[PDB]
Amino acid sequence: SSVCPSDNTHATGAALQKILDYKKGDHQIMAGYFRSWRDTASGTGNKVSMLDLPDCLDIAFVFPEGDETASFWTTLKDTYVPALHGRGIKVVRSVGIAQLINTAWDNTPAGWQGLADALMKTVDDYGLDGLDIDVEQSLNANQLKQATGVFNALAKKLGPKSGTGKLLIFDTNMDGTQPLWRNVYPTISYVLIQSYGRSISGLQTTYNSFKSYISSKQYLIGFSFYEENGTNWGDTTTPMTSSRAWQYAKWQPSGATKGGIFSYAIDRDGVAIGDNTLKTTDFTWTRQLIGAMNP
């Protein structure tokens, strides 16, 4: 990734083209969850724009909580998606598993299709590159049937079964024994393991629970930046090169190469642990971690 800037410059010419070429070639990828309610185009008081995101990012997740102002969604559609696409950055909408097990939607083939159609509007209306499902709970038999049905309906438009080039992503804090994963693994582009605060020594065990269902390049492990007023996971302690985030950038499963890493709350890149104020960011941690993976 020598072609990436040592600061947060947005390249423009042959300098941009080299970044677009880097992204088309083999490399460990970097993804980031951008908390939508923290975007400067949402409400008041925020300091970071999705426009700020570093050129060498591979995937930005639009990660809302549902109280965002209309202006955020307008800006995403009209300004952010075009600008990130100009940088070869993919933009994926995140939705919680709760949305796919919502009992307002019939637990039938027609209901799975109807709910998939509604979810595909969050992709198609914004010009996005796919959908990310956040799975952080176990499912009862009925929930598992409904979620599996929706994934199978989505797989007509997204992910490896679709042929569209659009992504279907499974992000989870659970392992590859979860029934939902056993049901939907053939539909998935990337699997992202929420690994905030975890032991470097337990990473192989988790990877081993998925590895029969994927190739290693589909697998990403995630750390968290420090969220204002949030959990102190301690993934981004100083010095950087000793951090959990840095150890994740360097970690490889035995005999294979992982797909890469992601951050939770990429809008918080470089804010000190315990600092509960909002700050601008030049994405030093994101840019350095891309370098750590692609030397």
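Start at 1 with the first residue shown and count on from there.
Remark: stretch with higher mean C-alpha B factor among 82-90 and 131-139 is 82-90. Here 233-241 and 258-266 are compared by their mean Cα B-factor, and 233-241 comes out higher. In this PDB entry, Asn102 carries a Cα temperature factor that places it within the middle third of its chain's modelled residues. When the modelled residues of the chain are ordered by their C-alpha B factor, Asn173 lands in the lowest third.
Split the chain's modelled residues into thirds by C-alpha temperature factor. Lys161 is in the lowest one. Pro253 sits in the middle third of its chain by CA B factor, as recorded in the PDB entry. In the PDB entry, a CA B factor belonging to the highest third of its chain's modelled residues is recorded for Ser71.
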